[PDB]
Each structure stands twice: as C-alpha cells, then as structure tokens.
There are 4 protein chains.
Amino acid sequence: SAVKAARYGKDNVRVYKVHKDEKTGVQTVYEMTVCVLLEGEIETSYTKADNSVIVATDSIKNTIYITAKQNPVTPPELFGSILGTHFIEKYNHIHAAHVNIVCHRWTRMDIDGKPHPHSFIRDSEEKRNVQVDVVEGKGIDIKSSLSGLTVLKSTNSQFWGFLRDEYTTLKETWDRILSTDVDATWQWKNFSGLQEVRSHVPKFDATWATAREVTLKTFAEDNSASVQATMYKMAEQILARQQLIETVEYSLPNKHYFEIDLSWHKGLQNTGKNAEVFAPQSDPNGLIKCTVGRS
Amino acid sequence: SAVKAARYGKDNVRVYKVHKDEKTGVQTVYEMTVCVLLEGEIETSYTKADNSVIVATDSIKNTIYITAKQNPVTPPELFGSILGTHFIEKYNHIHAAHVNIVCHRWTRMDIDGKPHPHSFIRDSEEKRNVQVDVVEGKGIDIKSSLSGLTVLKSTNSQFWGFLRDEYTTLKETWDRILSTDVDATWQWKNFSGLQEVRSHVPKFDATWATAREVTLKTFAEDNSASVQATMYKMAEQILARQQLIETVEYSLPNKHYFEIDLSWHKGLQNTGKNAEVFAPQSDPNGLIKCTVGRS
Amino acid sequence: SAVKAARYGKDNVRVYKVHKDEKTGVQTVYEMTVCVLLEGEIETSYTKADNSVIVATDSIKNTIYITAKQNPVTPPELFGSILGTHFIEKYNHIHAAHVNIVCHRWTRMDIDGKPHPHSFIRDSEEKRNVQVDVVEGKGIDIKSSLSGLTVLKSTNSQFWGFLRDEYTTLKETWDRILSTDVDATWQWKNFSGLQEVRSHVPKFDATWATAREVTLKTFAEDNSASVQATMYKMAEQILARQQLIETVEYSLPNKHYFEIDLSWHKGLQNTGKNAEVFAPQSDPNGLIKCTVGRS
Amino acid sequence: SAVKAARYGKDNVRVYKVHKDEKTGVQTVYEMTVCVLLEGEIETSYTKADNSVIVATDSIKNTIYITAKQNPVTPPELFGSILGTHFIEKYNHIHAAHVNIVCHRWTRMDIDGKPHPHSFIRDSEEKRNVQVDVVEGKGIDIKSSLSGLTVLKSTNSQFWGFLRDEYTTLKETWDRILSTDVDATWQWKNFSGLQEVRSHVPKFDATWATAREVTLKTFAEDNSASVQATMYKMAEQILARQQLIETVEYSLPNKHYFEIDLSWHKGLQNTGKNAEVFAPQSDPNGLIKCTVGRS
Ligand SMILES: O=c1[nH]c(=O)c2nn[nH]c2[nH]1
Ligand SMILES: O=c1[nH]c(=O)c2nn[nH]c2[nH]1
Ligand SMILES: O=c1[nH]c(=O)c2nn[nH]c2[nH]1
Ligand SMILES: O=c1[nH]c(=O)c2nn[nH]c2[nH]1
C-alpha cells in the first residue's frame, strides 16, 4: 500500500475581531469559522510514525489567531489568501494550503432610526463563504459563495411540459409556490499570488453584493418556467457583470409546499384557484444544480 | 396505580397560508408550526384500551388545517384561541386544549427600493410564539414570546463586584463583549373567552413590536452592570407600556467571548485595551432568568 | 414592578472523568453535560446592580469540576445531590440549587470477544438524565429519566375504535408499524438530605435498568391497542417494582410510517396485507403523555 | 455563457421496507434515505425553458419506491446499482445516474436473551452508506462507507516529536485521550454493469463488516503515535483483506479533551499522572485525512 493523498489541519476555529475607530467611536465586528488543511511531503507521518514533518494542528489554530491579529480579516478572499500563503512560505515541505472561511452576519443595529456605534444583530443565518486553495508554483484559486439564503414566492412559478410516462403522477401547473435555500458559488480566475489578489480587493465585496442582488431580483421577477430556467438566468447575469469570474454554480433545493384537499369536509374548496392553506413538506426535496461558464 | 395527568395530540404540524388582495395584487404569506394537546375525560384510553374517548391525533391535524382555512391566522394569539376553543366546545369530554404556535419569518422583499407583491425572504431565524391554554370554565390563558433573537455588543458591558472566594478565578472587568439569544415571554391577564380575546386583537401585534423594540433599545443603550441588571430594565419597561400584561419573563444565555493572550508570540499584545481578536466559546454558557410582575 | 422569580447559573458544562484501577489496569470513563441554576436572596443584582450577591457563573463552572474531582460522579442522582447540597451549605443567601445532568454513553468495546480495558464506543444517542432540586429546609427532590431511546415494531400494533366525526379521515387498522422515541421519567420520594440519598445509592442504577427493561419488553410484547394503552402498562410495572418511586411519566411521539399506494403503476399491490414499502414521515407526529401515580 | 455541468433529481427520500418470513414469522426491516441525481442531454431545460427533457423529480421519487417494491434493498451497493441502471436504460437522453444511500440502523431487540421476531432498536447513529455512479458506456463505480462511528480510548495514545517553532505552544505527551468520529470509505474496482455487481453481492456485506472490525480493533490495540499513523494501519489492513477494493479513505476529527489545572484551588492535583477530570472541547478540532491505494 501507498499514500495516494493526504491532508490534515484544524477545523471549526471560531474567530471574532473588532475594529475600533478612535476618531468616531464606531466599532465594527467580524466573526468567522475557519478551517485550514495542509498538504505536502508528510507521507512519513502516516507510514513511519514520523511526527517531525507535522506542523501540529494546535499550531495551525495559533497561526489563524496571530494572522487575524496582524492583518485585515475582510474581505474573506484576502484573509484566506494571506493565511494560505503563510503556510507555503513558512514551511518548505508544505506545498498546498486549503482555507475555508464561513462569515457570520453581525449587522449593525438601527436604534431610533440611527446606526448604533457598537451593537449588532444576527439578522439572518445566511453566510458568505470562501474556499482558497494556495498551491506552490500554481498560484491561488478562490471560490466565493453565499449560502443559507432562504426565499419563497407565492405565485409566478409554473411547471408544465415535462416528460410523462408510466412513472409520472405529477400534474402540470401554471401557478405554484416556489421556495429554496440558495447556495451560489463564483469561481475567480487563477491569481498568480498575493500581490495579484491584493490588486483586486475592491472587486470581492462588490461581486458578492452583485451576486446577491441578481439572485434576489431574478427570483422575484422571473415568471419561472422551472428552477432550471430561472437559475440559468441568474448565472448568466453574474458572468456578464464580472469578467474575472470564470464559472458560476448554483445548487438549489425545491422546497415543496403541497395543496391540501379539504373537499371531504363540507365541500370546502382549497385546491387550484381556491388554494389558501398548504402543507410545507420537510422532505423529500428536488435538488437542482448547474455550473455555467463562458462560451 | 392511577392516571394522575394525561394529555395527547399532534405536534410539528407545519401550516402555510396565503392571502391574495384581488384589488392590488399584493400577496401576504404566513407560515407556522402548530402543536395541539388535549386533556379531559380520557383516562380509559390508557387504562382500559377504550379508544372511544380518543379524538384521533390525525383528526386534530385535519382540524388545524380546516380552522386555518376558515379563520384569520394572525395575530397568532387569536388563531390559537380559536383553535383551542373549538376543541372544548366540540367535544363534551375534552376540558382543556393547549395550543403552541411558532411563527416563522417571511419578510417581504424590497426589489429596487420597492416592496415586491409576492416574494419573501426568511430574514432571520427569530420566532414569534404563543402558548394558549383554553380551560373549560376557566377562560383563556395566553403567553406570548419572541425567541431566537441573537445580538452582540462589543463594548459598554461590565462585570465587577461579584462574590470572590476560594472557587473564584474570574477577573473583574469594566469592558467586555456581551452577546445573547433573547427569549422573552409576556403573560396576558386571563381572558374570559373568545369574545374578550377578540376585543383586544390590536394589542397583540402592538405589544410584540413594543417588547422587541424595548429589548433591542435597552440592550444597545444600557451601560450594562450585568445581564441581571439589564434584563430587569427591559422587563420593567414592557410592564409599564402594556397594562394587560401580568408578568414578563426573560431567559438569557451569556454567550462568552474570551480574550486570547498572544504575548508568548513575539510579545504580541491582544489583552485588555489591546484586545482585538477573541475566541467565541460554544460552551459552557451562563444562563440568567428572571420573572418580573407588578408590585 | 417586582422580581417574582429569579434563577441563574451555568449551562452546557461538559465534564469527563476517568477511573483507573491500578490492580487490574481497567479504566472506566464517564462523560456528562451539567447545568446548575441557583436561587436565593439575589433580587438586588437585578434591581440595584448589586453584584455582591452573585456567585459568578464562572465560579459555578469551577465548582462543578472541583466537585467531580473530589467525589464519585456515579450514580448521577448522587453526584447531583452532592453538587446541589454544596451550594446551599456554602452560601448563606442561596436557598435552592437546581442540577440537571445528562449522561452520555461510553460503552466498553469488546475486541475478539473480550472487554477492552480502555476503549469505548458511543453505542447509542440514548441518555440517562437526572434533575435534582435541593431546597433548604425542604430536602432533595430527584427526577430520573431515560431519553432518546428509539424503537420500532413492524407489526402487533393496532388502532381502531376511536371517535369518528366530520373531522375524521383516518382509517381503522388492525396491523400497523409503531415507532417512538422514549422519554420516561420516574420521580423519587422526597429525601431529607444527602445522608438519605447515600443510603439509597444501590437503588438508582437498579431502577434505571428496570425502567429500561420494562419499557423494551412491554413495547416488544404488547399487542398494542394504542400508544396510550401500552405506555400505561409500562408505568404500572415500574411503580410495582420500586416502592420509592412516587410517579412515572412517559412522553412518546408517534413517528408515523405511511403506506404507499402504487396501484396506479401497473396494478402494483403495496397496501394492507400487501404493504412492503412505506414512507417514514418526518412530521407531523402524534404526541402522547401520561403521568401515573399510586392509588 | 454555456452550461458546463448540470445535474438534478430528488434528495432526502426516506424509504422503509419490511420482509416477512411466512414460515418462521420473523420480520426484518430496512430504512434508508436516498438521493438520485441524473445527468444527460438536459441543457435545454436550463437555457430554453424546454421541460420536455426533464424526468420530473416527483417521478424520480416514485421510481425509487417502485424499485424498492420490486427488488431487494440489501446490500445497498446492489440496490443503488439497480436504481442507477434503471434511469440510463429507461431514458435515452439520460447518460449518468448518481445514487447516494444512507442506511439507518434498526437492530433486532433481544428480549429475555432471545431475538424478537418484529421489534427493533436504533442502537447507534452510525450509518452505512453507498455512492453509486452509473455512467453509460463506463460501467458502475461504487464507493461504500461507514460514518458516525464514535469512539474514545482513555490511554495508549501519544503525540510527541512534532515540529516546534515560534507558532507552537502544544506540549509533547506520552499519554492522552483519543476520540474521533470515524468516516471511512472504500472504493471498489469499476464494474462493467449490473451482471458483474450481482456476481459480487456476498462481498459487500462481508467487506463492510471487515472494515468495521479492522477499524475498531486497530483503534483499540494500537499504541497510537498519532492519528495519522493509526489510520494508515487501518487502511493497510482493509486493502490486504479485499482485493476488489482499489482505495481506502479515512477522514477523522481529533475531538480534544483538555486537562483542567485545579492547583489554584487548595493545591488540587489534576494534571499529568494525576489527571482525572477533563473538559471535552466542542471546537476547534483537528481534522486528519488520508487516501491509501495499492503500490
Ligand atoms: O494525532 C495528532 N495528529 C496531529 O496532526 C496533531 N496536531 N496536534 N495534535 C495532534 N494529534
Ligand atoms: O396510538 C395512537 N394513539 C392516538 O391517540 C392516535 N391518534 N391517531 N393515531 C393514533 N395512534
Ligand atoms: O452578567 C453576568 N452575570 C453573571 O451572573 C455572571 N457570572 N459570570 N459572568 C457573569 N456575567
Ligand atoms: O422546477 C422544477 N424542476 C424540476 O425538475 C421538477 N421536477 N418536479 N417538479 C419540478 N420543478
């Protein structure tokens, strides 16, 4: 037997950082959960009990806090790139670092219509994420994403004209509820290293905001022919607005809400045009994915 | 042996309802999870296998959907009261109904600065809840609550002057992070029945909004001496603003964020006035409760 | 306004303890999650920002570890009683301690048919719990429980003869699946204090084992007329076998498995006597409770 | 823009099946959660709103139940292969099916030392899983796994001799607790189609049992130099015992249990040789992975 692939590191490292503006008294907080996995010439720790090649996972944890102390933690694309680069530059035998960051929402509170200087609310479970792969000699690959964005529209979704055969019971519909939890990822063109990532810093927050905006607007405005058709429209627009993105991927559950026939009870009408009360279904759910790139 | 207490019913009944304004085209959605438990002269189903006294839990589920079809589902205090009253009026041998409702957020989307007619976002995991106990001959007892409201302030929290003995290692502090998930309940004066609940309908949404507002403002503005002191200020204000509330209860975790001493690393300063990077602690957590009533 | 009730302390305190037999080399591990809440003359911490009455929750955490170091942690009824007693004896102004303990399973591994001296498996998510209320002048009240015991029987459950009216669609059945997650609590007679709890130490593990055994055997062997009828049989037996128990409470979800009619597909028969494939339902679920005491 | 990759289908399909032996009266239950995703010539559903190419996800759900009715559901490697093959044979334009199955434990109860004919216990949250990729013209690729197997050993784990630099605070140790949740995957050699999978049916359960056995025994008996070294020993043995496996992958969290220094309290000794009470850490955790193949 031989080691074909190996990676190790620290997961679930929770980190908070505060910035205090001394002039204005305004404080801004950031909270993230970080995972760093390393690869390199470490096979002997597996095969020979040779711990000399192991940067202890406890040390990786320390490094994350130290790096957060000495560097900006926003945008997460930049922080992840700094963190990953550190390991390949510091340790000769480490040749790749994989950094995953989940950013948690702390939204400044408005109190009596004014932004509060130091109070925050978790206004959603939506996350902004990054995956950064720093590979020696091969640059920096960054995938940015939003996830946990949960939406519903109560009309202007249709689903008809699908394949019908002896396995099919689903009725065609011209008016249904559509609800999903959005997971969208945009993959950046490869960057040559930290200098290039730094040069593009303003684009990261802007592109996240654009991806969010396009997702929400398209969802709300599309008279949807299917999840497939609507998600394609989203991806197309994002690629159009940011030339440094190579691909956009969406992964969308179709969270079903079923009509409830109540006609057995005193002829009560609650289906089709008369449908008012529905049963949200916890499972099963459709799952629809697509990756869209450039011609 | 004898049956001392017994209750049974249906839990986790998910319900969605849509209202469609035909004039304006605006749609409004409500989604809830409902539990109904009944009590009454049902001992024989336990002791004698006498199912004749059992309103099947499946029938309770049907009843919830039928009631939602025929009645407004908002405010939840009203819907729960209608639902509970139904069971004690319909079944001679059922003498109490306990209705718990969790309302899920579907907040109307703003698209290009205008409210969308039929698109919604789950903008938080915060819930609005009710517990309604309808007891034959004893009226309707309603407890309203908000839960899952997660907040953090990065300064203007202190904790000093506590008991110090041989079990104590905690240092006094004049500047710390304070973060919690708010669970607040207000208990209404007993209502004589549905007519009285109906007479107070406008107060329910108003009081929920006030409780939320007071909670957030007090949290943000109090230079907090402790969780205990700050929560008392909240409860006091709520009781002052709504005379039909008898008691207010808060249950608050203290979600700790610890300083990280980095001085071992190149004399790096990250404690006290120099603290920037903190380690959020998943557990353990302080838990502080109080129930405040009228003099 | 006035403080009507107040309690505070530390939740989610994870604790592990190892016992090492030096003669045999056998090691035994215990892992628990502990919550301790205190009550007493502490109103002024809420109303006057008087922290002098507060035993810091951090100190409560320290106390739990210290107590675990100096005392046996099994049975949990004993440990909880020691822990609760500590607070009321140590602090003059603390008059009640509430201790909740969840014991996690670490079952010794059998390797090649022999018990391993120091290796363990979490063989189930089932818990053994205690709630101990130590109230000055009023003794020690202990409720013991098991929870998270998940079972299913594929036949020998019936449900017929229930009330049928215009809300009823459920068909009577003489053969169904029955599945539940068992939550069972037995409440001990009040104990005068620690000496009395110590005097009964052997009964605690024995009664837990008996409660588990009776639950499983009754479930497996009863040709069940309903959840209500079967659970009553369990409670009756437990009360019969341990005279120091005053009440037994069961809380049982009915986790439904629905038949799937496949007759639309090539006349496939999958209902009634021909039912083989079923759809487990995540929600809603029946919820059935009962508390059984002595005549 | 162009569609680079697309797949869609149904997730979270819960399925139960019962087998009833009419001779012996013994019943055996199987419960699984199934996901099926399809790929093929479906781009136009995304780009042109052409639903004619879509096998509705609701139909996929129906197909799963129908297939479970007409075929054995065990071993899951066989069922997944039947299910995947169905879609590529039935639909000309579908060229790949991806089937993921999670098997849930229903272990027969022993009552009074004898196996019960129809009563079952969920004796662990451990799962047995399969991922089956059926690709037209390319055969059937099967990855089998166990997950959620949670173990702890209280001694006979060491960790010393790792890299020490200015980021390192971790002390070397010759005696620590080791605990993990095992996720292990074995990948089968490619099979040419269903006939070949059928020919190997007995190997599937046998190899799962062997993988479990080797994992547990190695964990219990290895005087572990590190997670890396111990996991390599497991993978090596599995590859040795089943020649039709090409690779074995382990992914293991290191679930840390920290010593608690109690010396501040009356000189209490609870570290090193005197360590009895530990603090299990919920996060962060080490994460160690490796994939082992043949020379
Ligand atoms: O077994 C271990 N492997 C590691 O890589 C490691 N790093 N810190 N502690 C550790 N333990
Ligand atoms: O055992 C049962 N008890 C009940 O009360 C019930 N109601 N519907 N099905 C049921 N099954
Ligand atoms: O606000 C607080 N209240 C308390 O009771 C406490 N105990 N430790 N830290 C604390 N903070
Ligand atoms: O939007 C949808 N896409 C699908 O593929 C599908 N299948 N069933 N319902 C559906 N809705």
# chains A, B, ... in the order shown; residues from 1 in each chain; ligands from 1
$ select_by_dssp --residues "segment 138-174 of chain D" --states "strand (DSSP E)" --output "count of residues only"
15
$ interface_residues --of "chain D" --to "chain C" --cutoff "7 Å" --atoms "only C-alpha atoms" --output "MDAnalysis selection string"
chainID D and resid 14:18 65 68:69 111 118:125 150:155 217 220 276:280
$ atom_distance --atom1 "atom CA of residue 25 of chain D" --atom2 "atom CA of residue 161 of chain C"
27.0 Å
$ atom_distance --atom1 "atom CA of residue 91 of chain D" --atom2 "atom CA of residue 59 of chain D"
12.6 Å
$ residues_near_ligand --ligand "ligand 2" --cutoff "6 Å" --atoms "only C-alpha atoms and all ligand atoms" --output "compact mmCIF listing (two decimals) with C-alpha atoms, in the first residue's frame"
# COMPACT_ATOMS: atom_id res chain seq x y z
CA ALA B 56 -57.53 10.78 16.76
CA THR B 57 -54.35 12.87 16.50
CA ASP B 58 -54.81 12.64 12.70
CA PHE C 159 -55.57 1.38 16.29
CA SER C 226 -52.83 2.31 21.19
CA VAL C 227 -49.80 4.19 22.41
$ residues_near_ligand --ligand "ligand 1" --cutoff "10 Å" --atoms "only C-alpha atoms and all ligand atoms" --output "PyMOL selection string"
(chain A and resi 7-10+45-46+51+53-61) or (chain D and resi 157-160+162-163+168+170-173+176+178+224-231+252-256+285-288)
$ decode --residues "segment 64-90 of chain B" --atoms "N, CA, C and O atoms" --output "compact mmCIF listing (two decimals), in the first residue's frame"
# COMPACT_ATOMS: atom_id res chain seq x y z
N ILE B 64 -56.69 21.50 12.45
CA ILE B 64 -55.83 22.64 12.34
C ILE B 64 -55.91 23.25 10.92
O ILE B 64 -56.02 24.47 10.77
N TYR B 65 -55.85 22.41 9.89
CA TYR B 65 -55.91 22.94 8.52
C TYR B 65 -57.26 23.58 8.21
O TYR B 65 -57.32 24.65 7.62
N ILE B 66 -58.33 22.91 8.62
CA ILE B 66 -59.70 23.42 8.42
C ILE B 66 -59.89 24.77 9.13
O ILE B 66 -60.39 25.72 8.55
N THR B 67 -59.43 24.87 10.37
CA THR B 67 -59.53 26.10 11.12
C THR B 67 -58.74 27.22 10.46
O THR B 67 -59.20 28.37 10.42
N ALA B 68 -57.53 26.91 9.97
CA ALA B 68 -56.72 27.89 9.24
C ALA B 68 -57.43 28.34 7.96
O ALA B 68 -57.26 29.49 7.55
N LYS B 69 -58.18 27.45 7.34
CA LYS B 69 -58.89 27.80 6.09
C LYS B 69 -60.03 28.80 6.39
O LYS B 69 -60.29 29.72 5.60
N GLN B 70 -60.68 28.62 7.52
CA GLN B 70 -61.92 29.36 7.83
C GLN B 70 -61.76 30.59 8.70
O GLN B 70 -62.74 31.30 8.95
N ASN B 71 -60.54 30.85 9.16
CA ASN B 71 -60.26 31.92 10.10
C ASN B 71 -58.96 32.64 9.79
O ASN B 71 -58.08 32.09 9.11
N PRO B 72 -58.80 33.85 10.35
CA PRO B 72 -57.52 34.52 10.16
C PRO B 72 -56.50 33.75 10.99
O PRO B 72 -56.84 33.20 12.03
N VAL B 73 -55.26 33.71 10.51
CA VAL B 73 -54.21 33.03 11.26
C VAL B 73 -53.33 34.02 12.01
O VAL B 73 -52.36 33.63 12.67
N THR B 74 -53.67 35.30 11.92
CA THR B 74 -52.93 36.36 12.58
C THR B 74 -53.94 37.26 13.32
O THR B 74 -55.08 37.44 12.85
N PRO B 75 -53.56 37.81 14.50
CA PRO B 75 -52.32 37.51 15.25
C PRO B 75 -52.41 36.07 15.77
O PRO B 75 -53.51 35.51 15.87
N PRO B 76 -51.26 35.45 16.05
CA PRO B 76 -51.30 34.04 16.49
C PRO B 76 -52.06 33.85 17.80
O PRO B 76 -52.61 32.77 18.02
N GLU B 77 -52.09 34.87 18.66
CA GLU B 77 -52.88 34.83 19.90
C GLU B 77 -54.36 34.57 19.60
O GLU B 77 -55.03 33.81 20.29
N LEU B 78 -54.86 35.19 18.54
CA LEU B 78 -56.26 34.99 18.15
C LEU B 78 -56.46 33.59 17.54
O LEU B 78 -57.35 32.85 17.94
N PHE B 79 -55.62 33.23 16.58
CA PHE B 79 -55.77 31.92 15.98
C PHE B 79 -55.70 30.77 16.99
O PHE B 79 -56.49 29.83 16.95
N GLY B 80 -54.75 30.86 17.93
CA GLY B 80 -54.58 29.81 18.96
C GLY B 80 -55.81 29.74 19.84
O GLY B 80 -56.24 28.65 20.22
N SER B 81 -56.40 30.90 20.14
CA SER B 81 -57.60 30.95 20.97
C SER B 81 -58.80 30.33 20.23
O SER B 81 -59.57 29.59 20.84
N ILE B 82 -58.95 30.62 18.94
CA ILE B 82 -60.00 29.99 18.14
C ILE B 82 -59.83 28.48 18.08
O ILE B 82 -60.78 27.71 18.31
N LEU B 83 -58.60 28.05 17.79
CA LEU B 83 -58.30 26.65 17.69
C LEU B 83 -58.56 25.89 19.00
O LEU B 83 -59.16 24.82 18.98
N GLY B 84 -58.12 26.44 20.13
CA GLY B 84 -58.33 25.81 21.44
C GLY B 84 -59.79 25.74 21.83
O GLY B 84 -60.27 24.71 22.31
N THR B 85 -60.50 26.85 21.60
CA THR B 85 -61.93 26.93 21.92
C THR B 85 -62.71 25.87 21.14
O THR B 85 -63.60 25.22 21.70
N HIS B 86 -62.37 25.70 19.86
CA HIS B 86 -63.01 24.68 19.04
C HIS B 86 -63.09 23.35 19.76
O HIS B 86 -64.15 22.73 19.81
N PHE B 87 -61.97 22.88 20.31
CA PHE B 87 -61.98 21.53 20.88
C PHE B 87 -62.83 21.39 22.12
O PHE B 87 -63.39 20.34 22.31
N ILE B 88 -62.86 22.40 22.97
CA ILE B 88 -63.65 22.29 24.20
C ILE B 88 -65.14 22.46 23.92
O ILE B 88 -65.97 21.89 24.61
N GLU B 89 -65.48 23.21 22.87
CA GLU B 89 -66.89 23.36 22.50
C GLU B 89 -67.41 22.16 21.73
O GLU B 89 -68.56 21.77 21.87
N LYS B 90 -66.55 21.58 20.90
CA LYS B 90 -66.97 20.47 20.05
C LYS B 90 -67.13 19.15 20.79
O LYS B 90 -68.07 18.39 20.51
